[PDB]
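> Test case, fold it:
(chains A, B, C and D)
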Amino acid sequence: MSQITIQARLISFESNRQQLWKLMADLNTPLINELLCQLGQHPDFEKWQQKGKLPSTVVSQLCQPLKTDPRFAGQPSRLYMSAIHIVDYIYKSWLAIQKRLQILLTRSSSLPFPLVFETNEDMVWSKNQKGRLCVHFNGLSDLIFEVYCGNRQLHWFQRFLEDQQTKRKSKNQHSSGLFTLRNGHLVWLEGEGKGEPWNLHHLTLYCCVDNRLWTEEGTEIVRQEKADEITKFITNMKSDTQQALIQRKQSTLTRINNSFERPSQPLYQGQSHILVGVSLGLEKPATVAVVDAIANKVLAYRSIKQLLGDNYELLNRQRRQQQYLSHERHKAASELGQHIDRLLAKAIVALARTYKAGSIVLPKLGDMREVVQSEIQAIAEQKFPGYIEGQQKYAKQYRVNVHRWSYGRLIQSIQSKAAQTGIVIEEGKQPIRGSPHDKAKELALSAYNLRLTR
RNA sequence: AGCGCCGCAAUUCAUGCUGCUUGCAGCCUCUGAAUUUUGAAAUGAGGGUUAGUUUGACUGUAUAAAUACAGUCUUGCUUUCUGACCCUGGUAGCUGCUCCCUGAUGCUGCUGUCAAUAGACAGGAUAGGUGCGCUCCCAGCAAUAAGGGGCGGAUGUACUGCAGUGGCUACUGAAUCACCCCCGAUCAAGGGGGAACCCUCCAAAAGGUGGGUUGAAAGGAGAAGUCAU
DNA sequence: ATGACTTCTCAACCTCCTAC
DNA sequence: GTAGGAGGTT
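Numbers count the residues shown, from 1 in each chain, chains lettered A, B, ... in the order given. Please see the structure below:
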């Protein structure tokens, strides 16, 4: 639900970058391409066309002969792990797309393929003599890498180092299931210029981080969920490898109860009856209402001009840019609408926290096309009362001047920002032919009625 | 003139205002919602220029909670706007076509000085518009196997025109800056000096010691297909 | 060939081989 | 002999 990627840049002298480029681009990327092709020619793919699922063992079984091949001989085992993880994720995504929508598919790109680290223990964080946080992976451990990141992400790497030190200083009595780092990706940003490829492309890292583990009080929720899941797994499981796995899990239960020296923050105890609802239209991208769901009195309405206070110019800039790109496309992305959606999501979450709202509701994407069409028809009727030609011309001009808002990105941003504090995301039926504040209030009451029925 | 945007005034009000009657009454000082009008405040600028400031993390005190204060550490990632800065270009190579009239469509439009003019030299984004941009109009322009008229070269129904049009690449020039300069580093590291303002001490004053200011925001990433034209 | 949608994913303990 | 690095394995 809540998993935040953390950016960093790995910096070292020339020999390290040269070794990484000569070991990944020359070996690892062709290795991944070979796995892709060889599973493409696998006879079971047609069988995998019948049902959209993949065994977790066949990929490793196919990759095992290539490990001993002289072409792909020199590489750490964790990098083979990375290659098979990448091919498994890619083919699982392909199978999921094929199943939902119900053949060579090699990626065409100049940059080398990412290195994925599913095991968080692979990277070893160590403070440098100067004060930086050198990091090295499982394998190629003597090629260190200083991390560069902003002050807004330095605490994540500091807690990576702190968690590793607490694990090492406790004689491995702590568990890695509570580590705030889960997954890692090593790529290049394709720095523009001229020179050697290893000395030209900036090497960067993405660290998948679970925010629910940030606070000591929040770690308890993750601990309880993991304990319940693994207890269900072990009670369903009840064979040498199976016995080894069950003993590992039963040791993980004992290991997960150890205390971590983490900051403690009060959990967001939002009132279950104070709903906050978001309504999306075309004349105004979003309006917010706060209701009590017990006494039908609205605590606060909020227009988009208040959520974007001191930033409302950016909405007009986004609309102008969208019109310009539409005109250019008709004649033959600035990544600003995403920023606007994130601003709106943060403003709505801050509003809900300030008014002590325990649940945020926002409409589904399925009804959005009908909502846009109804809004266009309603505004055309409001402008031109009765004659069809006037409403049609006004609707055409209005749609040409201003386009839709790409609401799904806003939905994702709201969900991601609400998962940070712990506000329940809910859906509701968008009402038709009403004021945006009236629409938001009716959506909130409909959501409360649906929750009452459930 | 149609449409879209800012806020100027007015009206109805609250998501606002005080006392509570804590749910009803009045009001528009502030913050905002809906409608009409409107060209004195705002939106609005052609191409780029940063290891760019802040929006950070932790520990305590107060608000029972938003939040503020005090202390410690600090880092440079993907962005987003404002402000400031240089130019509206110079070289070489490769490469599509071809005319008189009539188009759809599309491009250009700043200021000053010589030349009627093409074309040169300066300034310089306040770049043709109602306050502001646009698939909208205001002018000029424009190429082609879009239509028509063909002419010469030319034996032929055969081919060319009747010096201009677009695209690509390498070397490349100015900013390589968030008060402004100097030096230095550009997979690494900053150092030095100076102007204005504010606070405190010394201090008759002038001045000197110590500190700060000289913009503000947001963050989930990887790979893939799908759809619409 | 170009902007949104979406479904996948976001491991964890254990064992063997060095070092002074 | 404990601490750290490389590899397994579902």
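
> how close does residue A:170 get to residue A:87?
Remark: distance between residue A:170 and residue A:87 (C-beta to C-beta, to the nearest Å) = 36 Å. (Each C-beta comes from the backbone N, C-alpha and C, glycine too.)

> Look at those two and report which has more neighbours.
residue A:87 (23 against 10; other C-beta atoms under 10 Å).

> Mind telling me what element that one is part of?
Here residue A:87 sits within helix A:77-101, counting by DSSP states H and E.

> Walk me through the domains of chain A.
Chain A breaks down by automatic domain parsing into domains covering A:3-214, A:217-267, A:271-453.

> List the buried residues for the helix or strand where residue A:369 lies?
Taking DSSP H and E as the criterion, the element that holds residue A:369 is helix A:368-383. Within helix A:368-383, the residues scored as buried using 16 or more other C-beta atoms under 10 Å are A:368, A:371, A:372, A:374, A:375, A:376, A:378, A:379, A:380.

> Which single one of those is nearest to DNA strand C?
Set against DNA strand C, the nearest of the buried residues of helix A:368-383 by C-beta to the nearest atom of the strand is residue A:368 (6.9 Å).

> List the contacts of that closest one.
Taking C-beta atoms under 8 Å, 6 or more residues apart in numbering, we find residue A:368 in contact with A:280, A:407.

> ok, the closest residue to DNA strand C within the stretch 351-454 of chain A - contacts?
Closest to DNA strand C within the stretch 351-454 of chain A is residue A:408: 2.2 Å, counting by C-beta to the nearest atom of the strand. Residue A:408 sits next to residue A:365 when contact means C-beta under 8 Å, 6+ apart.

> where's it, which helix or strand?
According to DSSP H and E, residue A:408 maps onto helix A:407-421.

> and the stretch 151-300 of chain A, which of its residues are near DNA strand C?
Contact residues, the stretch 151-300 of chain A versus DNA strand C (C-beta under 7 Å from any atom of the strand): A:175-177, A:179, A:182-183, A:208, A:210, A:247-248, A:251-252, A:255-256.

> For ChimeraX, write the selection for the buried entries among those.
Applying 16+ other C-beta under 10 Å to these, the buried members can be selected in ChimeraX as follows:
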select /A:175,176,177,179,182,183,208,210,252,255,256
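
> Contact residues of the stretch 151-300 of chain A facing RNA strand B?
Residues of the stretch 151-300 of chain A lying near RNA strand B by C-beta under 7 Å from any atom of the strand: A:151-155, A:158, A:183, A:185, A:187, A:189, A:191, A:194, A:199-204, A:206, A:208, A:214, A:263-266, A:283-284, A:298-300.

> In PyMOL, how would I select just the buried ones from the residues you listed?
Command for PyMOL that selects the buried part of these, burial taken from 16+ other C-beta under 10 Å:
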select buried, chain A and resi 153+183+185+187+201+203+204+206+208+214+284
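
> Which residue ranges of chain A form strands?
Assigned by DSSP state E, the strands in chain A fall at A:3-11, A:115-117, A:124-127, A:133-136, A:146-148, A:181-188, A:203-210, A:271-279, A:287-291, A:298-302, A:357-361, A:424-426.

> okay if I get the ones you listed as JSON lines plus distance to residue A:323?
Formatted as JSON lines, these follow (distance: least, C-beta to C-beta, whole Å):
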{"stretch": "strand A:3-11", "distance to residue A:323": "32"}
{"stretch": "strand A:115-117", "distance to residue A:323": "40"}
{"stretch": "strand A:124-127", "distance to residue A:323": "48"}
{"stretch": "strand A:133-136", "distance to residue A:323": "45"}
{"stretch": "strand A:146-148", "distance to residue A:323": "38"}
{"stretch": "strand A:181-188", "distance to residue A:323": "34"}
{"stretch": "strand A:203-210", "distance to residue A:323": "34"}
{"stretch": "strand A:271-279", "distance to residue A:323": "24"}
{"stretch": "strand A:287-291", "distance to residue A:323": "22"}
{"stretch": "strand A:298-302", "distance to residue A:323": "26"}
{"stretch": "strand A:357-361", "distance to residue A:323": "31"}
{"stretch": "strand A:424-426", "distance to residue A:323": "32"}
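
> which stretch among these comes nearest DNA strand D?
strand A:124-127 (4.4 Å).

> Just give the number of residues close to residue A:430.
The local packing of residue A:430 (other C-beta under 10 Å) involves 22 other residues.

> wait, doesn't it sit right on residue A:278?
No - the pair residue A:430 and residue A:278 fails to qualify as a contact (C-beta atoms under 8 Å) at a distance of 10.3 Å.

> Need the residues touching each of those two.
Counting by C-beta under 8 Å, 6+ apart, the contacts common to residue A:430 and residue A:278 are A:363, A:443.

> how about CSV for the strands of chain A, with distance to DNA strand D added?
As requested, the strands of chain A are exported to CSV (distance: least, C-beta to the nearest atom of the strand, whole Å):
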stretch, distance to DNA strand D
strand A:3-11, 16
strand A:115-117, 12
strand A:124-127, 4
strand A:133-136, 6
strand A:146-148, 15
strand A:181-188, 15
strand A:203-210, 17
strand A:271-279, 40
strand A:287-291, 46
strand A:298-302, 49
strand A:357-361, 38
strand A:424-426, 32
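
> rewinding a little: which helices and strands does the helix holding residue A:87 pack with?
Of the remaining helices and strands, those touching helix A:77-101 by 3 or more C-beta pairs under 8 Å, 6 or more residues apart in numbering; DSSP states H and E are helix A:29-40, helix A:58-68, strand A:115-117.

> Could you single out the most deeply buried of these?
Comparing the helices and strands packed on helix A:77-101 on average neighbours per residue, with mean count of other C-beta atoms under 10 Å, the densest one is strand A:115-117 at a mean of 23.

> so what strands line up beside that one?
strand A:181-188 (antiparallel) (DSSP bridges).

> The partner strand to strand A:203-210, inter-axis angle?
Angular relation of strand A:181-188 and strand A:203-210 on a 0 to 180 degree scale: 160 degrees, by axes from the mean of the first three to the mean of the last three C-alpha atoms, to 10 degrees.
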